[PDB]
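A short reminder: the numbers here are calculations on the coordinates, not readings from a lab. Ideal geometry is used to build each Cβ from the backbone, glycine not excepted, and the neighbour counts take in all protein chains shown.
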Amino acid sequence: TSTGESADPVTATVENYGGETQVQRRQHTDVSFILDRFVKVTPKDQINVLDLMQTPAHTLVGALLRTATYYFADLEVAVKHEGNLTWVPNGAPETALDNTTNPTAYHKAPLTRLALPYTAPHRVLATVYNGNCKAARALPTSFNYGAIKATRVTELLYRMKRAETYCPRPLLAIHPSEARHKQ
Amino acid sequence: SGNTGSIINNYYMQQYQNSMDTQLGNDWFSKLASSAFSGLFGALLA
Amino acid sequence: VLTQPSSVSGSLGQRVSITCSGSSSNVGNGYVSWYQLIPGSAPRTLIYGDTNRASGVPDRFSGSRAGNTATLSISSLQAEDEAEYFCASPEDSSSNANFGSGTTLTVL
Amino acid sequence: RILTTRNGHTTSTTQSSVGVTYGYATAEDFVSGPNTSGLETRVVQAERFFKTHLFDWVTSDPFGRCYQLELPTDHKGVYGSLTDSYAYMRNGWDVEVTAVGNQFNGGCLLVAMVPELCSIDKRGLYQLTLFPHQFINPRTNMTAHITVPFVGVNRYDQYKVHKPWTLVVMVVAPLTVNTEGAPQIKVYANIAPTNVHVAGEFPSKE
Amino acid sequence: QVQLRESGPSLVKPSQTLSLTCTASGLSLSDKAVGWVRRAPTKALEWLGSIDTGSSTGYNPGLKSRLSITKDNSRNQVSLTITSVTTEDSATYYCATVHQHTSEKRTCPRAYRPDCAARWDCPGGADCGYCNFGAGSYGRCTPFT
Amino acid sequence: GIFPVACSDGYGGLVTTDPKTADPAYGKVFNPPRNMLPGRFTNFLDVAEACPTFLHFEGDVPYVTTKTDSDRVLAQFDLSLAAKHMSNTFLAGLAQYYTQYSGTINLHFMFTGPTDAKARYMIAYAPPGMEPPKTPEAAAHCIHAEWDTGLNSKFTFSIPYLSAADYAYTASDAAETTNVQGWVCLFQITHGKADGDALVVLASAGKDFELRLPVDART
C-alpha cells in the first residue's frame, strides 16, 4: 500500500485485515480544553512581567503550548499577593504601575482572580521568533499581557481560555536509558 | 466551548467577560487527517 | 588629543580667560588642574579638583568645568601671572591622562 | 507523472516528480486589513524562480546534519529590488528541491518548510516531519515541490529583521554509492516567491 | 600647596637615551601619578606617557617603540627615557605633575536598566534588562558595554 | 429550606475598574434639568477631530520659518505621539494616557505670509527601516504631497498608518534607535521673496483614530 511519499497522511486504521474500528471519541485533546489548567509559574517578587512562555517547559501547559508557534490565549491570571496588586495593559510605562487608576484588586483571601483581555497588538502572539540574536531571547518584548505589580506575589498562575493555537511545532519526551520506561 | 460550560451562561456581558472579536471580508489539521487516504492500493484476494 | 592656546595677551588688573577644548575620551572622567609653570622654573599646585584647593595657595585665578570643555579665569592680572598654565584630562582611549601645552601668558 | 510548474515567465518542468504538497493552507489569506490602508500594491514581475545552492550531500554525512536556508536569501535581481524599496513585503513561497541522482543511490534526504526555527536540540529532529515536507528517495522522485503561504504574527512584515520561512534539509539516511551511483550528489533549491505584496516606499539611497 | 620640581639636561644631542627627572614632595602626586609631556614647536599639542605609583604604565602606541618610564617614592624623583630621538623633537620640560586617573564603566543603554533584570529570566552575559515593557527596541535585555 | 450556595475563593474583589454598580445610600434624590447643555462632547476623539491643535517646533513657536539656504528641510520629527514636535498638541496630551493608537493623523498646514509672496512646501512620509531623508527628490519616492499657496491657504495632508502590527504603541522609548512608527517631513523645494511669511502646523485625529487600552500613568 502507500508509496505516495508525498507526505499526505495515509492510515490503515486496522480495517486492513477484517477488523472493525471501535469508535474513537477524542476529548481531553482539544487545545480549547486541555490548555485550561492553572499552571504554577515562579513569581519574580514585586514586578514580574505577566506573559506566556514564562512558565517552565515541563509543566503540562508549559510544554503543550510550545507545540504551537502562534496562540491566541485570552489569559486569566490568579495571583496570591500581599498588598493590592495593580495590573496594567500592554505598552504601559515601567513607572505605569502603582497608579491604581489601572485595574487593581485589593486583598481578599485566600487569593484574587482576574480576567485579562488579549491586549498585545498582533494578530496572534508567537512562541518563537527569528532574525534576533529561548523565552528569555529570540522573541520581541511585546508578546505579553501587561505586568502584575505587587508588594510580594507568592504563587502566580496563568489560565488560558478559548485559545486556538496555530501551526504546530515538535514536542519531546523524557529520553529513558532503558526500554519500557518504568515510572 | 473549552473547560467552561455553564447552563446559566455568565453574569457579566460578553464584552467585559472575554475579549471581543473581529472578522474580515476553518482549520487545516482536522481536514488533513479527514482527507487521509485509506484502504488498499491494490486488488485484494481472499 | 587635547588642544590648548599658545598666544594670549592682557593688561594689569583686568581679566583674560583660557580655554581647554577636549573630547569625550578625555575631558569627562576626571579633574582639571592648573599650575604655575614659569618658563624655566618648576610648577606648583594652584587649582586641582575643579572645586577644592589645598592649604597655602591663592584663589586669585578661578578655574571651572562645564560640559566637555574646561575654562579658567585670570582675575587681577599680575607679573607673577607671566608663566604657562597647563591642563589635562584622563584620555581613556589609552587609559592615560592627556596633558596640554601651556599658553604664553604675557603682561602689558 | 511529470509535473510542469510555472511562475511568472519561468517554467520549471520535471520528468520525475511525486506531486505537489501544501502547507498550513491552500489559498493565501486576506491581504488588506487595518495594517496597511490599501497602500498595498500587488506585484506581478517578481514571481520568477531563482536558484540557490544548499550543500554537498556526501557518503560521510551521518543522520541529523541539516543545512537550513532562510528566505528571502537577499535576491540580486527581481525581488532583490522589492526588498530595498518597500519597508513591508508579504509573500507566500513556492520551493522545489532537486537533488540529482543516478537512481542507484538512496539517501532519503528530507526537506521541510518549517516556520521560524531556532535550535532543534536533536530531539525535535525525529519529529521534524510535522511541518510540510516531501522527502526524496532516489529510488523514486528526484524532486520535492512544497508550497507555503505567508504565516506570521502580523499582516505584513519587514524582511530585514523577521524572516519567517527557513528551508530545512535533513539527511535521514546517509548517501550510499556503489559504482552505479553518483559518488556524491549536490542539492539545489528553486525557491520562488508567489502572491507578493508591498506597501510604503523608502526614500532613495542618496 | 604641594611642592613640585623638575630638573634635566638642557644642552643635549638628539638620538640618545634622554633621561629627564622630576620631583613632587606633596600629596598631589603621592596617591596620584607622575607627569611627562612637552609642547610641539610651532605645531599642535603633545603627549607622553605617565605611570601610577603601582608601576602601571600607559603610552600612545604610535611611538611606543621609544617610550618606557619607571618611578620612585623615597627621593621623590621620577625617571624618564626618550630614545631614538629625531631633530623634530625639542621643547621645554613642563607639567611634571599628573592630576588624573581613569574610569570607563557605563550602563543603562537606551531605555534599559541593569537592576531590572530577572523579570524576563535574562540568559547570558548581558545583565541589562528592559525597563518599560512596551515597544521593542533591542528585544529583551540585550548586553551593554 | 435555606438555599445552598458556595462562596468562591477570590471570585470577588474590589477591582478599581467597576463592572458592578454600587449600593445606593440615598434612595431618592432629584437633580435640575441638565439637558440642552450648550455644547456636549460624547468622546474625546470627536473633540480632537472637531478642533485642530498646534505643534511645537524649534524655538518654542508654532510656526516653521521659511529657510533661505541650500538646506530644504524644515521640520523632520518622529511620528510617535510623544515626540518633541507634538508634546504640545491636544492629540499627544490625550494619547499620553492610552497606549495603542491606529489610523491616520491629519496634519493641517496653513500659510500665513503676505500675498506679496508664495512658496511651495512638500510634505513627505518615510516608513521605518532606513534613516530619514535629507533633501527633496530624495524623499520624493516616498509618498509625498506638494502644494502651492494662492487663493486659499490651509492644506491637510493625512499621514497614513501602515505598520507591521495592526496597532502601534503610543508610548515607546525615543532616545535611541529612532522609533519604528515612522518619520515625516516638511521639505521646502522653493520659496520666492517670502522669509517674513511663516508656516503654522496643526495636528488632529484623522477619519479614523480610535485608541484603546486606557492606563492613567504619571503625568
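Worth a mention:
- Normalised contact order of chain D, rounded percent, pairs of Cα under 8 Å and 6 or more residues apart: 39
- In this structure, D:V78 and A:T3 have a Cβ-Cβ separation that, at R0 = 45 Å, corresponds to a calculated FRET efficiency of about 0.70.
- Projected onto its three principal axes, the C-alpha set of segment E:56-141 covers 62, 34, 22 Å, listed from the longest axis down.
- Whole-Å semi-axes of the ellipsoid equivalent to segment F:8-82 (Cα gyration tensor, √5λ, descending): 50, 24, 9
- Residue-normalised convex hull volume from the C-alpha trace of the protein assembly as shown: 344 Å³ per residue.
- A Förster distance of 51 Å, applied to the separation of the beta-carbon atoms of B:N3 and F:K207, puts the FRET efficiency at 0.75.
- Whole-Å distance, taken between Cα centres, linking segment E:10-47 and segment F:139-210: 59
- Proximal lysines relative to E:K32, as straight alpha-carbon distance under 19 Å, when same-chain residues fewer than 8 apart are discounted: E:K71
- Enclosed volume per residue, in Å³, of the convex hull spanned by Cα atoms of segment D:70-136: 132
- Among the listed pairs A:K44/A:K134; A:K134/D:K160; D:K205/F:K154; F:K84/F:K118, those with a Cα-Cα distance over 26 Å are D:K205/F:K154; F:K84/F:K118.
- Chain F - charge dipole about Cα centre, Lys and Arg +1 at Cβ, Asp and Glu -1, debye rounded to 20: 600
- Simple rule: put +1 on each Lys or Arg Cβ and -1 on each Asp or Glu Cβ in chain C, find the dipole, and look at C:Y48, C:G13, C:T104; the Cα lying farthest toward the positive end is C:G13.
- Modelled this way, with points 7 Å down the Cα-to-C-beta line, the labels at D:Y67 and C:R60 are 8.1 nm from one another.
- Among the residues of D:193-205, the average count of other protein chain beta-carbon atoms within 10 Å of the residue beta-carbon is 5.
- The protein assembly as shown, dipole about Cα centre (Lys/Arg Cβ +1, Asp/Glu Cβ -1), debye to the nearest 20: 1180
- Label-to-label distance for E:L27 and F:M110 is 6.9 nm, based on points extended 7 Å past Cα in the beta-carbon direction.
- Protection proxy ranking of E:60-69, F:23-32, F:79-88 - average other beta-carbon atoms within 10 Å, highest first: F:79-88, E:60-69, F:23-32
- Highest GNM mean-square fluctuation among F:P33, F:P132, F:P160, for chain F modelled with Cα contacts below 10 Å: F:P33.
- Global form of segment A:1-52, assessed from the alpha-carbon gyration tensor, a/c cut-off 1.5: prolate
- Radius, Kirkwood style, for segment A:60-157 when every pair of distinct Cα atoms is counted (Å): 14.9
- Given charges at Cβ of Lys, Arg, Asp, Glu: chain D dipole, positive-most of D:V148, D:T41, D:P203: D:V148
- Cα-derived Rg to Rh of segment E:105-145, Kirkwood definition: 0.90
- In the frame of its principal axes, chain B has Cα extents of 64, 32, 13 Å, reported largest first.
- Among F:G93, F:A139, F:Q76 the positive-end extreme of the charge dipole of segment F:1-140 (Cβ point charges): F:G93
- Shielding by partners for peptide F:133-144, expressed as the average number of C-beta atoms from other protein chains within 10 Å of each residue's C-beta, is 3.
- Calculated FRET efficiency, B:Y11 to D:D121, Cβ-Cβ distance, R0 = 56 Å: about 0.75 to the nearest 0.05.
- Kirkwood radius, segment E:1-102, all distinct C-alpha pairs, inverse of mean reciprocal distance: 14.1 Å.
- About the centre of its Cα atoms, chain E shows a dipole size close to 180 debye [charges on the beta carbon of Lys, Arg (+1) and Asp, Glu (-1) only; nearest 20 debye].
- Euclidean distance between Cα centres, segment E:70-135 to segment F:66-116, Å: 42
- Separation in nanometres of the label points that stand 7 Å from Cα toward Cβ, at F:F3 and F:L37: 3.8
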